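Comments concern the structure below.
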Amino acid sequence: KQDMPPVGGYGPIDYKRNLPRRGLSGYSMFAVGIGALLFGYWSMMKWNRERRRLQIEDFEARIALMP
Amino acid sequence: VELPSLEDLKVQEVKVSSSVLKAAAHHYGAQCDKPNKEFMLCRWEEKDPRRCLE
């Protein structure tokens, strides 16, 4: 008279299938990308242009000597 | 060819290093302007740096 099945206490667990979490898609991407990339080239032309100014100063000390 | 003597050499030579020569170097050339720019005409406009020693 000592046998298994309980009178109660059950679930069940699902048979389902779901993890579609979105996700920042669909014109949200391709907009943060271009907005990041244009910040890069804007951070250029303030350094590459400025290094071009110090470049001429480096040639300047050459030319003021050599006679 | 004929060369000048061992004299008209051995002048008071500026014995400094490279960085201390490049230290001022900027104030230097832009305010003397009489002996050096004319020396370029003494070298470019006529060649043979054996004539041009003054």
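Here's how to read the names in the structure tokens: chain A, B, ... by the order shown, residue numbers from 1 in each chain, ligand numbers from 1 in the order shown.
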
Exercise: stretch 19-34 of chain B partners within 6 Å, only C-alpha atoms, chain neighbours under 2 positions left out, as a PDB file with N, CA and C atoms, in the first residue's frame:
ATOM      1  N   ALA A  61      61.752  76.070 -38.663  1.00  0.00           N
ATOM      2  CA  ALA A  61      63.027  76.143 -37.961  1.00  0.00           C
ATOM      3  C   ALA A  61      64.172  75.688 -38.851  1.00  0.00           C
ATOM      4  N   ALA A  64      64.933  78.920 -41.290  1.00  0.00           N
ATOM      5  CA  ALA A  64      65.497  80.108 -40.662  1.00  0.00           C
ATOM      6  C   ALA A  64      66.978  79.930 -40.366  1.00  0.00           C
TER       7      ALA A  64
ATOM      8  N   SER B  17      75.388  72.570 -29.649  1.00  0.00           N
ATOM      9  CA  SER B  17      74.793  71.293 -30.003  1.00  0.00           C
ATOM     10  C   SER B  17      73.622  71.525 -30.952  1.00  0.00           C
ATOM     11  N   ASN B  36      72.953  87.303 -44.662  1.00  0.00           N
ATOM     12  CA  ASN B  36      72.629  85.921 -44.992  1.00  0.00           C
ATOM     13  C   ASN B  36      71.818  85.812 -46.275  1.00  0.00           C
ATOM     14  N   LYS B  37      70.824  86.689 -46.447  1.00  0.00           N
ATOM     15  CA  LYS B  37      70.024  86.674 -47.668  1.00  0.00           C
ATOM     16  C   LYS B  37      70.867  87.089 -48.861  1.00  0.00           C
TER      17      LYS B  37
END

* To do: Can you check which residues of chain B DSSP gives as helix (DSSP H, G or I) on the backbone and send them as a PyMOL selection string?
  => chain B and resi 18-23+29-31+35-41

List every residue of chain A that has an atom at most 10 Å from any atom of chain B, giving for each one its closest atom pair and the distance in Å to one decimal, counting only C-alpha atoms, sorted by chain and then by ascending residue number, as CSV.
residue,atom,partner,partner_atom,distance
A:57,CA,B:26,CA,9.5
A:60,CA,B:26,CA,7.6
A:61,CA,B:26,CA,6.0
A:62,CA,B:22,CA,8.4
A:63,CA,B:29,CA,8.5
A:64,CA,B:29,CA,4.9
A:65,CA,B:29,CA,6.5
A:66,CA,B:36,CA,9.2
A:67,CA,B:36,CA,5.9

* Structure fact -> Computed gap from atom CA of residue A:40 to atom CA of residue A:52 is 18.4 Å

* Asked: What is the atom CA of residue B:54-atom CA of residue B:14 distance in Å, reported with one decimal?
  -> 17.1 Å
